[PDB]
Each structure stands twice: as C-alpha cells, then as structure tokens.
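Presented below is the structure to which this report refers.
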Amino acid sequence: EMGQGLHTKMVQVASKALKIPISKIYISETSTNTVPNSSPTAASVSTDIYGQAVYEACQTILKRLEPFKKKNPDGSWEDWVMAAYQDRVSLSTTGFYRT
Amino acid sequence: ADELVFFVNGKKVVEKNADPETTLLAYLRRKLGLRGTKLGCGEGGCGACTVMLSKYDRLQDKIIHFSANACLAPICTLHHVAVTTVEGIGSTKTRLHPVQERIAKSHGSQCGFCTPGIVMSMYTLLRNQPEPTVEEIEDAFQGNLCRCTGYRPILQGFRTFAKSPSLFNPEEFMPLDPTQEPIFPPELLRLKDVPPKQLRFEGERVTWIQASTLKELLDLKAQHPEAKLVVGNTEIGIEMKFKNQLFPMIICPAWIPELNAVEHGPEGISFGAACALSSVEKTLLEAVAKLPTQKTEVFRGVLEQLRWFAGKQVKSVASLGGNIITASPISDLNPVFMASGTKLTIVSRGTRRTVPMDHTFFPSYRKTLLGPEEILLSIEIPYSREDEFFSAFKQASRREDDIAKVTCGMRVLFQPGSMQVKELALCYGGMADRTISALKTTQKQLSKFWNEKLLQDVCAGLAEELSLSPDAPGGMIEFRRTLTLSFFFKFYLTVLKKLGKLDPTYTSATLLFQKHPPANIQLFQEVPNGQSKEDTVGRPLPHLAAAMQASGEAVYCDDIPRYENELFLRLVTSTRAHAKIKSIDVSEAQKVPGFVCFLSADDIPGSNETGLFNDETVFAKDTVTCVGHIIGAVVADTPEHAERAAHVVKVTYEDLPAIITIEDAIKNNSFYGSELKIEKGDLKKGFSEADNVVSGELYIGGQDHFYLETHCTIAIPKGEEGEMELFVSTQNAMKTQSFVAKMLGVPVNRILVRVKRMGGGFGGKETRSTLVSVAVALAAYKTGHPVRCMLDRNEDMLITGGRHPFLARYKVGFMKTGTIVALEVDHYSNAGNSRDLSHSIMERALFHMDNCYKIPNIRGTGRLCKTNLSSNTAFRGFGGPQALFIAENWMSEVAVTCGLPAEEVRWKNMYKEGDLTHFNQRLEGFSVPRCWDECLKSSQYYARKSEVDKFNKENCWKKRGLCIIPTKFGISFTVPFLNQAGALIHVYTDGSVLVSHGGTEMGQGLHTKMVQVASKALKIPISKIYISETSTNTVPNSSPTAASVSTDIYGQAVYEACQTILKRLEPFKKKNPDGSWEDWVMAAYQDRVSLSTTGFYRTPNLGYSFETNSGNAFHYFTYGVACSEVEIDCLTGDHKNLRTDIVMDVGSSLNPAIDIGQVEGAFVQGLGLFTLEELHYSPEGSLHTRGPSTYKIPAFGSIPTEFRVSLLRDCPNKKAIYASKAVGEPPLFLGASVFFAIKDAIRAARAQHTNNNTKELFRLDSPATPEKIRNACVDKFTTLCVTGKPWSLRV
Amino acid sequence: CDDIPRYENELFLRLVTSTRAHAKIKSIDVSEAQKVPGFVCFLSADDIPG
Ligand SMILES: Cc1cc2nc3c(=O)[nH]c(=O)nc-3n(C[C@H](O)[C@H](O)[C@H](O)COP(=O)(O)OP(=O)(O)OC[C@H]3O[C@@H](n4cnc5c(N)ncnc54)[C@H](O)[C@@H]3O)c2cc1C
Ligand SMILES: NC(=O)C1=CN([C@@H]2O[C@H](COP(=O)(O)OP(=O)(O)OC[C@H]3O[C@@H](n4cnc5c(N)ncnc54)[C@H](O)[C@@H]3O)[C@@H](O)[C@H]2O)C=CC1
Ligand SMILES: Nc1nc2c(c(=O)[nH]1)N[C@H]1C(S)=C(S)[C@@H](COP(=O)(O)O)O[C@H]1N2
Ligand SMILES: O=c1[nH]c(=O)c2[nH]c(=O)[nH]c2[nH]1
Ligand SMILES: O=c1[nH]c(=O)c2[nH]c(=O)[nH]c2[nH]1
Ligand code: FES
Ligand code: FES
Ligand SMILES: [Ca+2]
C-alpha cells in the first residue's frame, strides 16, 4: 500500500468472492514470510494480479467450506467456519496468478 | 566515593550514579544489554544467573577467580572487580569456548535457559583447575538446576575435561588452552597498587558506604547504629526482595583486612568474619590433610556441613559471619559452632571481647547477643583435643542445596584414656525458633560412661526435652523428633568406633556419604549403511539452537530489547482463599515514583470472561476464589516501581467458607461436572471369583512445572484498528490470540502472536500463560505503550497452577497365583478454581489405569474436585502418571500378598500382542515384552536381586531395593479435533527454504526434527532450511504444542508441503537433471511457478466414545521399561539412586540424541514427582513452597549414578512420520521405578525392626520424600517419637 | 516507518555522500566525526561482511 488503495480493493475483492461483508476481512501488512518472491508493486498491475491471487485463495476456502454449507444451509459463515475447524479442515491457503 | 568502576568482559564500566539496590543481573540485562545471563529464581537456587568474578587478592598476591549469582550480587560490592558473563568467553559469531562447544555437541542443552549459568559454573572451575577430577566436575554444579536434560549429557560431555554408534564424538572437541583465555584487565592490575578509600553510593532509597578500614567501620557503626552490614548479600538480598525490608543505610565491610585474615593459633584456626565459606572450606580441607586426625574433629564437622550447603556461587560470596549473625533456626553452622564452643571475637569502637558460642548467644528468633554498635570481627574454630570427638549431621528434603529439617553439632570429651563422659554437647537446628542445646539431657550424662544405658537414657531425654507442638513451623513433627534421636544414635555408634581405636551389621550407620563413580551407557540404532550423509533422519543431530543457547545468543521473550516507551506490569493477586472483595485502595500505590496506573476488571473493553471453559475472570470482580487469584495489575516505568506499587495496593476482604482439599470437596459435594467412568466385564462376578481382595487408599501430590524460564509476555499495541502483536512464552499461540481478542472485544484477525521459543513449558504453558498475556494486552491497550511482564518464580508457582494431586480408593481381586481378576478404582483430582484441562486430564488417567495389564473385570471412575486453589493444568503425562502410579501401587500389593516375586506377577498379568484394553482398543505392535526381556537382561536384574538380599542381610540401618516396571502411553489428543496440524513453506530464489508450522519449541527439539524431516523429503542438506519461529499469521488455528504428538503431526504437514514443492519443481528437474537445487528453483521462479505452499495433516481413525466404550482413543502407544535400584538410609530418610536401566520403544527414532534426551529428561521429572518434589499449603490454602529453596526438583547429584538408556532396535512404527514414535511424555512414568525400589527397601527395613508379618501392606504415598521414608522405617527411635500418663486406661 | 517507536538501544544512521561527480577517493578522515558526542562508528566498504 502506497496510497493507491490496493488493500482496500483486495478487501472488496475478497468480500465479493467469499460473499461476506468487508468488516470480517482484514489486511495488516506485506511481508516476505507470508508471501515470498513477490514482484515490486509496480506497472499498475497490482490490482489485476493480486486480485486474482486473492480470488483464487478465496475459491479454495469456499471449496473447503462447501460440505458444511450443504449440511447447514441456513447457518452463518461463523457456523460453517467452526464446523470445518472441528472437522479438522484446514482454513489456510495460498492463491497464485500468472498473467 | 560517588564513582563505581568495574569491568565486564574486559570492558571498563564507570557508573557515576550506582544505586545500592541494583543487582549485577539487573545491571547486565537492562543497562549493559548483555541478556545471556538469566533470571530463574532471584534467590540463589537455580544458577541461571551465574557469572564469574575475578579480582586481585592483596593478601594472597594473586588474581583469583570465583563464581557468583548475579541476581544476589549488589553492583556496589563490585568496585575494581572484573566480571565475565557467558558472552565474555565465546560466541557463534566468533568461536565457541570449549565449555560451550561441549555442552552443545554433547546434547546437554534442550530449552537452553540454564545453559549459560551452567557454562559459567564449568568455566569458573576450569579457570581455577584446567585439569579437574570427575568429582570436582560434579561439585561445580551444586547451585545449578536444569529441568529438561536429566543432567546426564551435561556431566558426560564435561567429564571429557578430566584426566552402538555414539551420541557425540569427543575427538572433535577443541582442547582447552589457558594461554588463549582473556587477560585480567591491565587497568585493574595498575589500581591494585593504590590503597583503597571509603566510597559512598546514593540510590533512590538507599545509601551505601564501602568501609576501607576497621576504624572506619567501627566509627560508622557508632555514628549510624541502625546501618545494616552487607558482605555477600545472600541473606539481605532475600530480605530486601522477598520479605519487604528496606535498610536506608548499608555499610559493606568486605574490604577490611581484619575481617578477611586467617590465623593459625595454638587453640584453633581463626577466620575474619567476612571470609567466604569457600575460603573456610579450603583452609579447613588443607588443615585436615596436614594435621593429626585427633586435632581436626571439629573441622571435619564444619566440612561435613559445608558439603551439603549451597553451590559454589553462594559459597564464594557468603561470609562466615553472615551466617552466624543471620541466626536462622536451621543454620547448619551454628549448631557446630555452639557444640564446639567456637570463639567469637566481637568489637565496637574502643570495646573488644572474645566469647565462646553457647546456648545464650541466640536469645530469640533470628537475633544474636551483639549490641547495635558491635560487629563480629573473627571466629576461631577450635582444634579437637585428646579424648574429644565430634560429629555434624544434616537432613533436608534433598541432599544438595537444601534447608535442613534437622541439623546438629555433637561433641563429647571423655576423662583421659576413658569412656567416662566429662563434657557432652548436643546442639540442634530445626527444633525451635533458634539453635538450641539439649542441656537437660546432656547434664544427666556427665560422669556416665559411653554404653547402651547412656544411649537409651539420651534417647529418652531427647524425646522429652526436644518436644514440638502440633503447630510447629516447618511441620514434619514425627520426622524431626525421630531425626534428633537418629542423629544421636549415629553419634553414639561413631564415638564407640572412635574409642575402639564393633558389629559389621551396624558399621554402615557410622559412614559419611560417599559418591560412587558415574557410568552412563546409551544404546541406539545406527542408520542403514548407505543412507545419504545429507539425510539426517535417524542421526544424532544436536538441537539446532544448542550452540546459541550455550553462548547466550538465543533470545527468549524477556531478552527482546524494550522499546524506549515500554512499561512494566506487575499482577495484584488475592491473599485469601475465598472472600468478597470489599474495596480496593490504590492511594499508596499512586505515590510510588513511576506509577502509571492500576488496572482492574472495569478497565476491560471487551469481556471479563475467559478460560478454556469460560468459567474464569481476566480480573477478579466481587469475589476471589484462591490465593493468587488475579485482581488487577499495576503498570509503571520500571519493574521495581511496578512491584513496589503493587505491594502497597490495599484490598479489603470479607472471608467466605473455603473448600481446599480433596476431602473438603468430597464432603461438600464440590465437583466440576459429573462422574467419568469406564467399565468392562462383570465386577460382582470377578470379585466373587477372586481368591484374595485388597482394598485401600492412595494419594499422589501435585508438581510445579519449574520451567527455568517463567511465564512472560510482551504486548505491542499498534494503534490501528485494535491491532496488537505479542511475543509470548506459550505452547498455545492460538488461544493466546483468541483470549487476547475476546478480552479486547476485537476480531481474532487483529491479533498476532509470535513465539520464538520457551525456556521450558512441560504443559504449564499450554493454557495458563494466558493469565499473564491477557493482563499485559490490557495494559498495552489502555496505555497505548508497549508493555511487558515476566513472572518472578514465587508469582509463577503460586498463580499458574501445577500437576493435579490425586486421591484414589481402590479394590483389587486376584488369584493366589497373582492373576488379576477384578479392579475398581475411584479417582479424585484436585482441580482448583476453574475447569481448565481437568476433564481431559481425568480422561487420560482413566485411559491409563491398566498400565500394561490385562484385567477382565474393571471399573474406573473419576471426579474433578472444585476447590479454592489456583487451577491445575497440563503437566507432562497429563493424568497418565497419577493413574499409572495408582495401578503399580495395587500391583505391588498383589505381589506382596501372594508372596511372589513382583516381576513374575507383573509378567503374568501383562497384555499380549492383539489384546484389547479396558477401553476396547487393540494393542498392535505391543513391544512391552521385548522391552521387558531386554531390560531384564541388560540390567542383570536377576543377579542383582541376590546382591540386594545379601546387602540387606549384612546391613541393619541401610537397605537396598530393586524394581522393574513397564509403561504404555497412548499417543493423540483425547479431544479428536485437536489432532490436526498445518505448515507453511517458502523457497526463496536463492534456493533457501523457510519452514513455518503450528508447533512451538520449548527445548524438545521440534524445529530440529522438522528441519531433519524437510531436508530428507526435499533431498537437500539441512543447512538450506531454516525455522525462525511460530506465529498466528503464518499458520492459523494451531493446536497447542502438547500431547507428545507435535513431531507426528507437524512432521506430516511439513512432509506434505515438501511433496507439493517437489511436484512444482519436477518439470524443471526433468529439463535439467544434472542441474542444482538452486538451478531448478530459479527456473521455476522465472517460469512463474509458485514456490510457496501450505501442508496439512489430520490423524485418521480416532474417536473414542465413553457411552459405547469403543472407537480409538489413540493412534498408537509408546512403550518402555525401567529397572531402578536404590539404597536408603533407614536412620535419616536419605537415599541414593544407584542404578537405572531403561529400554524405550520410540520406533525408528528421527533423532536418537534428542529422543534419548527426552527419555532421560522425562524420567528425571518423574523421579522428582515421585521422590523429591512436594508443595506445602497452610490449612487456609496459602502455598508455603514458592521457590527452589523449599521446592526441590532433581539436582545434578539426584540422578542415578549408573544411568543406562537403550532405544529398542527394529521396531518401525508404520503409524507415524518416517516410522518414528512420540517420546515427550511416555517415559516420565518410568521414574516410578525409583519409588517402587524405595518401597522394596522400606519393606526390608520394616522386616528388620518392625514386623514378622511378611504379607503386611503399609501405605506409601507419593512423593516418597525423606520424611515418608524415615517415618516408615519404624524402629526403637520412631517408637519413642510418634505423637500421642492418663489417670485411668480401660481394660 | 519512522512512526514506529524506537527501541531503547536503537541507533541512528546518516549517509556520507560524495560531493564530486567523478573522482578518486584519496583518503577519509573521521577524526573530527569521532569527537561529536554520541558518535558510535563510521562504516564503509571494508565493514561489509558479504
Ligand atoms: C542458595 C542459598 C543456599 C543456602 N544454604 C544454606 C545452608 O545449607 N545452610 C545454612 O546454614 N545457610 C545457608 N544459606 C544461608 C547462607 O550461608 C548465608 O546466607 C550467608 O552465609 C550469609 O552471609 P552473607 O555474607 O551473604 O550475609 P549478608 O546477607 O551480607 O548479611 C547477613 C546478616 O549478617 C549481618 N552481618 C554480616 N557481617 C556481619 C558482621 N561481621 N558483624 C555483624 N553482623 C554482620 C548482616 O547485617 C545481615 O544481618 C544459603 C543461602 C542461599 C542464598
Ligand atoms: N535458599 C536456600 O536454598 C537455602 C538457604 N539456607 C538458609 O535457609 C534459611 C531459610 O529461611 P526461612 O525459610 O525464613 O526459615 P526460618 O529462618 O524462619 O526457619 C524456619 C525453620 O525454623 C524452625 N522453626 C522456626 N520457628 C520455630 C518454632 N517456633 N518452633 C519449632 N521450629 C521452628 C523450623 O525448623 C522451620 O522449618 C535461609 O534464610 C538461609 O539462611 C539453607 C539451605 C538452603
Ligand atoms: N526440553 C523440554 N522437553 C519437553 C518439554 C519441555 O517443555 N522442554 N515439554 C514436554 C511435554 S509436556 C510435551 S507434551 C512435549 C511437547 O512436544 P512434542 O509434542 O514435540 O514432543 O515435549 C515434552 N518434552
Ligand atoms: O514494465 C514496467 N516495469 C516496471 O518495473 C515498472 N514500474 C512502474 O510503475 N511501471 C513499470 N513498468
Ligand atoms: O490428551 C491430551 N490433551 C492435552 O491437551 C495435553 N497436553 C499434554 O502434553 N498432554 C496432553 N494430552
Ligand atoms: S536467578 Fe540467581 S540463582 Fe536463580
Ligand atoms: S536445558 Fe536446562 S532447563 Fe532447559
Ligand atoms: Ca483446573
């Protein structure tokens, strides 16, 4: 983030992908121990390329929650997340994109 | 005066404003930034703060070097002293010193928190003696504690300084070269020449005068009679820190020659009162070597007390006069000086007297007869005359570095050439509020002769004159009275021997403690012959951080530098077991300089409701429910200010009825939840079929974790959106993160918890670390400043909970062959004031009540008692050791009842391959029989049993015992959902790899094992792989690092993340099969292939149900066997651990150095649980034992003298990572082999003096401390002493 | 970045830069720098460990 609103857009993207409100999503910072080998934030393409990587990670999370959603279609996001956790489903994933 | 000038690691320090209250430890850590020296206790017991000191001794004309506890050393005693810390001797950035290299390569560092202080104790020995004997090497560490290693590897590594594959290779060790050691600072050597001048230092609260001459001292004492002398500070340090004394003026007379002079006169050897106990010891050892035996009786009594006194660190600074004038009732020296009439020369300006010490010198508790302007100048310890004999004895809870239960000096002088008593003095500590003489008893014997009737009469007289009321401080009434007689008896027999210069069965009672030489053998499996050198799985690779631990470079939480605006928190805690809080007044606390604020329940912005079961407060509101219950916290600019202000917060209470003990709880129906039960088969039928039925009751005491690093959190508030980053000593970053979030009322995504390492956890940082973390977080939130808190040992022991005490009622039915047929055990744990992990702990207890035995009809129940004590928690074993102990106890009773050898009875009841447990789980790959057979053989159990019987026939007052016990321990979290693990792996474009996983390092070598796993999986050297730390923003929702499964589960997750990487790299590998790892990684990167992935694992096929008694509770079991032999002293309760042999099934070890260390470390914690460690509470529920002085974990001298460990060969475990098995907790119960060896020995003592009943069953609870062992050795002396002339008596 | 609180032992660096567009460096004299209160050290190419 250098002022251009990249984190904001990434939060909008994640919230649309997961179908939850932006208020449940947070970006704290950028660091080499969370995402390695990153290109510089440059060439105007950051929304394009991090938007896809974030969207791909959200799709993976949705696939993982999907059986819990079906067992409990009237439950909340919070219910399905807790069910996946008690079922020992990983709630952590990477996302990646290559133009 | 004003300036203080000393040296640290060769560099000059000029402190222009020395505060007399500043310790060297505080100075090193907070002013000089040298954090390798650690705080472990603050009271002289653990040695984690050990440093070397060097000075020019003018008077001896040489540079001397000695060790000292930085936590007790005032910087104001150090003018013109050169200090060496662990950083002064070597480092990984330059080169390790030989001491550091060896402790690291020999696997003598696990968590590493004790390592710098032990390095400095060994370094100091070497600077004094570059080629020490083995015995010198053991004695070097009487003041160093280690909770992790079991001591064996440290001693074995360091023994290379004296004179199966291997866990290390001493041929690679750099020899010591004294010519390369740092030179004594030349500036100090120039200053030696200038005569000293009086110095004055002025601090916030204290003025210190360093007196240069006797005349100065005597004048200062006239001018300021209230001024407190300080020499070594090893008593005043405690008074200041723990007893809240403030002495606004201190005079330190340590420089004065008259107070340091040693003079050999015709009546004895005179020592200046400031002479250190080590100088006393040295001079007397020399005298005993040079002089006739008949002259050195008193000296040898002094020496005998100094042997079992304190470490070298304390002895090198503790002055002789300091001990005399402190005048504790349990001084080990004052009874010796009193019984010998040792001469005290006492001075005042223009006055001077010499008096023999006698009973009047101690008028009352902790006072002597000196007046306020007098000082003790010198002490003349007398030569022994002809016809004069002397003994000193001391019995504590542990031999090394412990407070006497009873201690004494005994002198007799006969008419010339005769057995006719002319003088007799029996002087005791531990029997009143002062050192006392048994004058009434001894008076009656003058002119009597040394014979049986005198022994009987002195015993009867002591029993009467040295009475103790039921309420005597220290408790242990029967033991103490029995020791007073027992010590007289040893004296009486020793004096008979000395007079006949009789009965070979009695002679050992007269023998002074003697060290047998150590023998240690470790047996493990070589890796296959052609396994790649780069594949280190199965090799004895040292802990990756051991070299930095040895160097003081490894960073633990409080070693992290403070921010310039960082504040300090001190908890305010209940002094009542159960009370309403009436009011809280902070008006005095507000006046302490640097006070920032007092925090209490109203300050919390989110929820005050916390704890694993949401049954706790973050800060008590309205009521307190235990002593130590956290009420609030003070925040101030320094830890001293915070502590001072917290001390003066005034709480007003109104007591409520308290439920303290398991008995109170049962009687009051005060339980958490309902009964747990496992039941199989038909009990009525089994009992009705049994030939023999035994029932009983049994208790096992709790256990304090004693991690060398106490609990610690730093909380950094980021000032944006509720964000906070916390560095925490915890095994559970996830609950830390969510409890801090719940308290703040913010989403969990706001909170980052980072754990680099812990200096020990042992289960006590599984949940209870949050008590400190949530308070510190509150403080950071409220102030907007970084805040930290590290607990002092006494806060930690009181507040953070321990192992669960258990009471059991059992009934066992068996056949005359010893075959068990029915068993009922009702378990009760003392849970304290919240649920925490108590339920799962009781479950695991029930799961382990069979140990290794097939029992067709069985019913176990468990209740959790709800009490007004700190909530008890996970402690290595997690309920298993308590249940396994109850099981071996009835089993031992079965063997005694049947009159069968115990190993036969154990063997015939043992499960076989394929049996179901009582919870219907099948035992596959049950390796106990192999461990059992191989341990019998390699321990020479059978041959040794005959040797033990022989020893017992031939010794009336010492007995040996021998016992071999199996164990099995189920591997998995008993809560199914906990058995999951994540990893995150990145490969950077230089081809270096950063691994992160949900597990934490607490000394067990998890990261080491994870790097070994990733290296094997990726087929790259370990040098390319690195683990920095554990954090919630790299792996989320981690289970606590616990249940011994961390290697199994994180190993799988790491494995999987590597497989993913290998698959992404495979095309590049195919294109360039002769290229390097680096080539492939760069090509993957240039091809825009991701080099980052997660890995995950969930343990398959788990899910036990208590309702159906089916489904797998565990993934597999770890197994092992231990045989131990002991010798007990039936007259004192002391015992030696002679030999232990362990055979442990850890499958195909990933790292046999680390696995043997875990075996030995767990075993020794077990040994402490069952034989040494005991917590004492007042009847009102206030903990008495709050530091290493009174709570005694195994010392270096505690371990078995011959200590052999073997890892079972050819037992791959297909259920875990590379065929390995969990090791962390399974071996701890094996320390119960020492307890049952002790009980075997007690049975032999009781056959000797108590009973003819060879099927008698006497109750021995855990721990079997000297108290319990001596009291069970019922004999003519205990008979005279057991508590409880009426006008009439029925019959 | 600079809003992050400093550690209590945290030091400050000031770059020393060329006043010439293209020249040989003949010598560097730090002897006056060394007298400024709080001076800790001057760093240059030779201090670089890698
Ligand atoms: C870890 C540890 C283990 C210990 N183990 C034992 C043990 O096994 N047995 C045992 O008996 N003790 C034991 N002690 C107590 C120890 O021996 C005493 O703490 C020590 O000798 C006191 O000497 P000091 O120079 O440190 O006294 P300081 O603390 O400096 O002074 C202690 C007291 O003596 C006074 N004093 C000192 N010099 C004079 C003087 N010349 N004239 C008049 N008053 C003076 C001081 O004013 C103060 O009241 C232990 C202490 C520690 C810390
Ligand atoms: N810190 C350590 O590791 C060690 C310290 N030392 C000495 O141990 C001392 C311990 O100090 P404290 O714990 O304050 O104990 P203390 O000096 O008050 O003595 C307590 C003991 O005195 C006896 N006692 C006191 N009053 C009595 C009474 N009215 N009736 C019968 N017995 C009574 C009992 O033996 C009790 O256990 C230290 O100050 C030090 O001098 C010795 C060994 C180890
Ligand atoms: N040195 C050391 N060893 C230790 C501990 C420790 O705190 N320090 N904790 C023990 C406990 S209680 C457990 S559950 C395991 C946890 O680690 P693991 O799961 O990697 O064995 O290590 C055991 N061995
Ligand atoms: O093609 C580009 N490469 C960059 O490294 C860069 N940086 C900037 O925004 N524009 C670009 N464009
Ligand atoms: O079943 C267990 N649960 C735990 O939470 C825990 N902690 C400890 O190591 N052992 C165990 N065992
Ligand atoms: S911290 Fe100094 S001896 Fe423990
Ligand atoms: S390594 Fe000694 S306490 Fe941990
Ligand atoms: Ca509890």
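In the structure tokens, each chain is lettered A, B, ... as it comes, each chain's residues begin at 1, and ligands are numbered from 1 in order of appearance.
Based on only C-alpha atoms and all ligand atoms, the protein and nucleic acid residues found within 7 Å of ligand 5 are, by chain and then by number, residues 763, 766, 837, 840, 841, 844, 874, 875, 876, 877, 878, 972, 973, 974, 975, 1042, 1043, 1044 and 1225 of chain B.
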>> I need the chain A residues near chain B as number ranges by chain; criterion: at most 8 Å, counting only C-alpha atoms.
In response: A: 24-26, 28, 33-37, 85-88, 90-94, 96, 98
Write out the residues from the selection above, keeping N, CA and C atoms, as an mmCIF file, in the first residue's frame.
data_model
loop_
_atom_site.group_PDB
_atom_site.id
_atom_site.type_symbol
_atom_site.label_atom_id
_atom_site.label_comp_id
_atom_site.auth_asym_id
_atom_site.auth_seq_id
_atom_site.Cartn_x
_atom_site.Cartn_y
_atom_site.Cartn_z
ATOM 1 N N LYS A 24 -15.563 -8.365 8.075
ATOM 2 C CA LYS A 24 -14.948 -9.630 8.546
ATOM 3 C C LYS A 24 -13.542 -9.893 7.986
ATOM 4 N N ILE A 25 -13.045 -8.972 7.164
ATOM 5 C CA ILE A 25 -11.808 -9.221 6.461
ATOM 6 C C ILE A 25 -10.828 -8.106 6.828
ATOM 7 N N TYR A 26 -9.554 -8.489 6.973
ATOM 8 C CA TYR A 26 -8.531 -7.527 7.320
ATOM 9 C C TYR A 26 -7.207 -7.784 6.616
ATOM 10 N N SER A 28 -3.284 -6.608 7.263
ATOM 11 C CA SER A 28 -2.399 -5.906 8.197
ATOM 12 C C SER A 28 -1.179 -5.331 7.468
ATOM 13 N N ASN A 33 7.702 -13.232 4.791
ATOM 14 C CA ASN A 33 7.423 -14.531 5.387
ATOM 15 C C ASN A 33 5.954 -15.000 5.267
ATOM 16 N N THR A 34 5.126 -14.219 4.601
ATOM 17 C CA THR A 34 3.767 -14.621 4.346
ATOM 18 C C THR A 34 3.614 -14.876 2.845
ATOM 19 N N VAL A 35 4.081 -13.957 2.015
ATOM 20 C CA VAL A 35 4.129 -14.160 0.527
ATOM 21 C C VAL A 35 5.580 -13.924 -0.005
ATOM 22 N N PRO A 36 6.245 -14.988 -0.438
ATOM 23 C CA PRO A 36 7.662 -14.856 -0.845
ATOM 24 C C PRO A 36 7.757 -14.539 -2.347
ATOM 25 N N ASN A 37 8.918 -14.056 -2.774
ATOM 26 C CA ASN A 37 9.297 -13.895 -4.180
ATOM 27 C C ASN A 37 8.347 -12.977 -4.926
ATOM 28 N N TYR A 85 -13.445 -26.230 11.155
ATOM 29 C CA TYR A 85 -12.375 -26.349 12.148
ATOM 30 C C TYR A 85 -12.561 -27.640 12.994
ATOM 31 N N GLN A 86 -13.764 -27.895 13.537
ATOM 32 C CA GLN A 86 -13.976 -29.099 14.409
ATOM 33 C C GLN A 86 -13.893 -30.376 13.619
ATOM 34 N N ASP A 87 -14.063 -30.265 12.301
ATOM 35 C CA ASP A 87 -13.908 -31.394 11.451
ATOM 36 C C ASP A 87 -12.490 -31.515 10.986
ATOM 37 N N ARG A 88 -11.574 -30.662 11.489
ATOM 38 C CA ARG A 88 -10.174 -30.719 11.022
ATOM 39 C C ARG A 88 -10.044 -30.500 9.510
ATOM 40 N N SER A 90 -8.505 -27.665 6.993
ATOM 41 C CA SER A 90 -7.593 -26.516 7.039
ATOM 42 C C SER A 90 -8.283 -25.239 6.557
ATOM 43 N N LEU A 91 -8.199 -24.140 7.323
ATOM 44 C CA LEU A 91 -8.738 -22.846 6.912
ATOM 45 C C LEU A 91 -7.645 -21.889 6.423
ATOM 46 N N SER A 92 -6.595 -22.457 5.861
ATOM 47 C CA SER A 92 -5.462 -21.669 5.449
ATOM 48 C C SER A 92 -5.102 -22.100 4.033
ATOM 49 N N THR A 93 -4.925 -21.127 3.135
ATOM 50 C CA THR A 93 -4.463 -21.494 1.837
ATOM 51 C C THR A 93 -3.698 -20.387 1.109
ATOM 52 N N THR A 94 -2.902 -20.781 0.107
ATOM 53 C CA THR A 94 -2.270 -19.815 -0.777
ATOM 54 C C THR A 94 -3.200 -19.618 -1.997
ATOM 55 N N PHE A 96 -2.555 -18.016 -6.226
ATOM 56 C CA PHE A 96 -1.476 -17.613 -7.137
ATOM 57 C C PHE A 96 -2.025 -17.260 -8.493
ATOM 58 N N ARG A 98 -0.659 -15.981 -12.676
ATOM 59 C CA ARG A 98 0.403 -15.856 -13.684
ATOM 60 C C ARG A 98 -0.325 -15.242 -14.930
#
> Do you know which residues are within 10 Å of ligand 6 using only C-alpha atoms and all ligand atoms? Can you write them as a ChimeraX atom specification?
Replying inline: /B:25,37-51,68-73,114,117,143-145,311,313-314,708-709,792-793,1187-1188
> Could you list, as a ChimeraX atom specification, all the residues within 10 Å of ligand 8, counting only C-alpha atoms and all ligand atoms?
Replying inline: /B:611-613,672,768,801-804,829-839,841,864-867,869-874
>> Show me which residues line ligand 1, defined as having an atom within 6 Å of a ligand atom where only C-alpha atoms and all ligand atoms count, and present them as number ranges by chain.
In response: B: 43-45, 228-236, 273, 309-310, 318-323, 325-326, 331-333, 375-377, 401-403
